[PDB]
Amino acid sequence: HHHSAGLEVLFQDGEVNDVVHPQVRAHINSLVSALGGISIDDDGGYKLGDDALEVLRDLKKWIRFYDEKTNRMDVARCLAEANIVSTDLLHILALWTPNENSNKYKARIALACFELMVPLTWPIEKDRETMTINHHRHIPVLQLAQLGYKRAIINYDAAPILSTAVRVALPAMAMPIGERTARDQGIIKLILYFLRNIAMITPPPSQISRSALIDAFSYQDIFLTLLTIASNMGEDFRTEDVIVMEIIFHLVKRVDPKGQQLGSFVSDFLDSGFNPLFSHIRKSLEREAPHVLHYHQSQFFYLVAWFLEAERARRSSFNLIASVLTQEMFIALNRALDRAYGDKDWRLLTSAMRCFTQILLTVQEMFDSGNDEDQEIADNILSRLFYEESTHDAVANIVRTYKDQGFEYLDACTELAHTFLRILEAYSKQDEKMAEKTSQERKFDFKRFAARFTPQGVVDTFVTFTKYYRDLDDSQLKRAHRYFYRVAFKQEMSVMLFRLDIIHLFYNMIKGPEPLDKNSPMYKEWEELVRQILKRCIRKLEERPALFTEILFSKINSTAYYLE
């Protein structure tokens, strides 16, 4: 080729049609221009529109009566392409300075901005009956537009938008709960939902967006605002308990509870707003409140589990988390465990199991705690847990029955099974004839309890967990190590472990395609473990020749005892 190809030119504007209603795009653009614009004069700033208040109210009408009522997403897409939530609305909120909060007109236009920003930054759920061919077309663009909104709100150089949001609700937040009208309670809800919306926004499946969110929250005193609402959850507040919980849930999302950026907030939250907030949410779920939703239940269990781990990183006082260690919580999560399994809800069960694991880890640290009252309460909780067979038979059945439930569920159940055995083992140990009768009787009860983890179902679930050894961390490998170590050190002779598929995995784990890295601290413990299991494997084939044919593992606990 010597000359240029004519097809190199691309495709091109009013003459070409769009996916939205052509008249909607014109109407929405008539409003986005009329609300204002940047001053042509140098250092002039932002010229607010003459009828800016009414056009903002008209844009809110276009969302409620055209998009919502008719099940369309045209005005949503129009505002996304106009990018007002990033180019116009941010400049309008910048005009309402802290000294200018007395301006009634400037405060009303500021509210109208959030009355528009909340539905636009609202999270979208693809799987809905109401969704049409229209919604599914626009959603990919809107989801990306929502990321562009969050980026502009967090990184706005001129004015603090999140701090400005707090100021809108602040006067209606000062007045008592009884004195608050339906309008005044709506402003608190709108502003609290705005903070949740921006914290919710993440790309559909970067870490800088997670870091900048925490940095903007502390600087613009939102963590201080969240603490004041949570600490006064009894008087002056109600219903908002789940909305505040959701904000903190989307903040602790993929965040470590020990040595974090939000280290300043975690200590202040446990000291003031832990018990009043989490006791209210517990009571809200029990009474089956109208404001509470099904997804709020699993989020509650996640936050309890997250803050319990965050508490042990400081452990200033084990009394600051007293509300979640009450017997009322125990009855509630036990009923939640039975209900989630029956309804086949695994996401709720995963959060409940992880919550329960953190509660058991807390009572163990309270047993060795310096506080006299802490050891008294830890022992009375453990006394009930050691004999409550209703909880025992339920936890044992979960690990026994596992089929295509996901790795998050697998990591949660194996966490609970390992800890429940470990914590009760400590209780199993700690005039002479009278004291021994009650102390040595617990050793009989523990061997009965540990026999629930011996069947094939529990074994296979731990085996499938061990398969992910290439991705598992040091603590994750300890669970699998201590379970198999507990099989041989149960006097069970690891008859259950003898299966071709199980023996295959253990071998290539140390010496095969994936060497598990020889430099790892867990490798040396595993190498010693696998060798000990294989030592008994070769010996049992010589002892009984039936093991060659019965390597199928399809056997039960009665046929396994015959082999040992």
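Numbers for residues come from their place in the sequence shown, where the first is 1.
Q: Check the entry and tell me how many residues of the deposited sequence have no coordinates between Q12 and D13: none, 1 to 3, 4 to 9, or 10 or more.
A: In the record, 4 to 9 residues between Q12 and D13 lack coordinates.
Q: Would you mind checking whether any residues of the deposited sequence sit unmodelled between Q430 and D431, and how many (none, 1 to 3, 4 to 9, 10 or more)?
A: The entry has 10 or more unmodelled residues between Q430 and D431.
Q: If you average the CA temperature factors over each stretch, which comes out higher, 361 to 369 or 153 to 161?
A: Higher mean C-alpha B-factor in the PDB entry: 361 to 369.
Q: Going by the average Cα B-factor in the PDB entry, point out whether 374 to 382 or 71 to 79 comes out higher.
A: Averaged over C-alpha atoms, the B-factors run higher in 374 to 382.
Q: Between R479, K437, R470, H138, which one tops the list for Cα B-factor in this entry?
A: The listed residue with the largest C-alpha B-factor is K437.
Q: Name the residue from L53, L500, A26, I63 with the greatest C-alpha temperature factor listed in the entry.
A: Highest CA B-factor of the listed options: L500.
Q: Test of reading the entry: by CA B factor among the chain's modelled residues, which third contains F444?
A: Within its chain, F444 is a highest-third residue by C-alpha B-factor, going by the deposited values.
Q: Report the third (lowest, middle or highest) to which the CA temperature factor of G263 belongs, ranking only the modelled residues of the same chain.
A: Middle third, going by the recorded CA B-factors of the chain.
Q: Mind checking which third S520 falls in for C-alpha B-factor across the chain?
A: It falls in the top third of the chain.
Q: Test of reading the entry: by CA B factor among the chain's modelled residues, which third contains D215?
A: Its C-alpha B-factor, which the entry lists for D215, ranks in the middle third among residues of this chain.
Q: Check where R531 lands among this chain's C-alpha B-factors and tell me if it's the lowest, middle or highest third.
A: Answer is middle: the recorded C-alpha B-factor places it there.
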